[PDB]
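FYI, the numbering for the sequence shown is 4 to 125, 127 to 261, going by the authors' numbering.
Beta carbons: idealized from backbone N, C-alpha and C, even for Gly.
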Amino acid sequence: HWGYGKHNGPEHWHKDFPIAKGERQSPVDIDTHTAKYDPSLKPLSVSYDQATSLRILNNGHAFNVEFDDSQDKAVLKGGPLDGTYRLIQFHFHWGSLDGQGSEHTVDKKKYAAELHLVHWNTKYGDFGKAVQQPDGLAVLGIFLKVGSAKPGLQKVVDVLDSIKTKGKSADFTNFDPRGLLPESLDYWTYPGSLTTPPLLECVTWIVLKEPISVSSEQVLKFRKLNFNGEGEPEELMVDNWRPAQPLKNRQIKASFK
Ligand SMILES: CC(=O)Nc1nnc(S(N)(=O)=O)s1
Ligand SMILES: CC(=O)Nc1nnc(S(N)(=O)=O)s1
Ligand SMILES: CC(=O)Nc1nnc(S(N)(=O)=O)s1
Ligand SMILES: [Zn+2]
């Protein structure tokens, strides 16, 4: 029964998930001046041309756009990664206000939201096995700032009315996640964790430097979602972000100067 409220939010999670206090937790603050340029980091290879979206689900914590990950259709390779990582889902974290919502921060700056494209290492066969491995997942994180609309986001925005409450899903086929990416694939990378329980330390984080712009109306629609199920008192789905965790014995690497 974890969540984002005063009595079950991030400061409480450690009681049920003691790895919350572990050595490689996420998110973190990205101190841009202390990140180390690593010229041997390769360009990211984002291969989403054959991506097959299936469904969108309100899980009571966020909404997930799910993909067919039973073949190498949408994969992430390159960068800091060895091998092939299949896209399973994407989701966002966002705030009640435009000045908060991201999980990662950049020189302590918070963005209005953060997109997470979640991928798992095919050598482990399935996501459940991958999350038990230190190199099991690769999450591509993209910041959202409020300004001009993101045309490639609007099909997601438009369906949210149909998944207002926890447990609701809708068909969501033929969505092209390439429409969510910024122009540049410059990134920061570090070893971390899932940012929600069970907080497993299985993630290679790849956080893009360049934010995408979304409109105020687009993020306002995110904020009309509900944490609660249908027929329960309304709890707006806002502030579903974990704050930055201690970096501990990690160095953030940059792909760019
Ligand atoms: C009633 C209640 O608080 N149940 C909880 N279950 N897990 C929680 S936690 N520590 O993961 O936030 S709180
Ligand atoms: C199925 C799945 O992807 N679960 C996740 N839990 N937390 C995640 S995050 N915020 O670290 O990307 S992904
Ligand atoms: C075009 C471009 O790169 N814009 C940026 N805005 N902020 C940046 S950040 N995350 O490095 O602070 S990069
Ligand atoms: Zn996330």
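Any heavy atom of ligand 2 within a distance shorter than 7 angstroms of the CB on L90?
Every heavy atom of ligand 2 is 7 angstroms or more from the Cβ of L90, so no.
Beta-carbon separation of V150 and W209 under 8 angstroms?
Against a cut-off of 8 angstroms, the Cβ pair of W209 and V150 comes out as no contact.
Taking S48 as the reference, which of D130, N244 and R89 has the closest Cα?
For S48, the nearest C-alpha among the options comes from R89.
Start and end of the beta strand (DSSP E) containing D175?
Start and end: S173 to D175.
In the DSSP assignment, find the unbroken beta strand (DSSP E) run with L148 in it and report its ends.
Residues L141 to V150.
Which listed residue (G145, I22 and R227) has its alpha carbon closest to that of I216:
Looking from the CA of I216, the closest CA among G145, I22 and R227 belongs to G145.
Apart from the five residues just before and just after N253, which ones in its own chain have a Cβ nearer than 7 angstroms to its Cβ?
Only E26 meet the Cβ criterion.
Among the residues of its own chain, which have a CB less than 7 angstroms from the CB of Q249, if the five just before and after it don't count?
If the five residues before and after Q249 are omitted, its C-beta is found closer than 7 angstroms to the C-beta atoms of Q28, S29, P30 and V31, all from its own chain and listed in chain order.
Between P247 and ligand 1, is the CB less than 7 angstroms from at least one heavy atom?
Distances taken from the Cβ of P247 to the heavy atoms of ligand 1 include none shorter than 7 angstroms.
Between the Cα of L44 and those of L251, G104, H36 and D85, spot the shortest distance and give me the residue it belongs to.
Nearest of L251, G104, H36 and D85 to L44, Cα basis: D85.
Can residue 262 and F66 be called in contact, C-beta distance under 8 angstroms?
The first residue shown for the chain is 4 and the last is 261, placing residue 262 beyond what the model contains.
Helix, strand or coil for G81? Go by DSSP, reduced to three states.
Here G81 sits in strand by DSSP.
Quick check on DSSP: helix, strand or coil for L57?
Residue state, collapsed to three classes: strand.
If you draw a straight line from the alpha carbon of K24 to that of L100, how long is it in whole angstroms?
Distance between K24 and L100, taken at the CA atoms: about 28 angstroms.
Which residues bound the beta strand (DSSP E) around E117?
It spans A116 to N124 - the beta strand (DSSP E) in which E117 sits, taken as one unbroken run.
Ends of the beta strand (DSSP E) at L224?
Note, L224: premise wrong, no beta strand (DSSP E); alpha helix (DSSP H) at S220 to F226.
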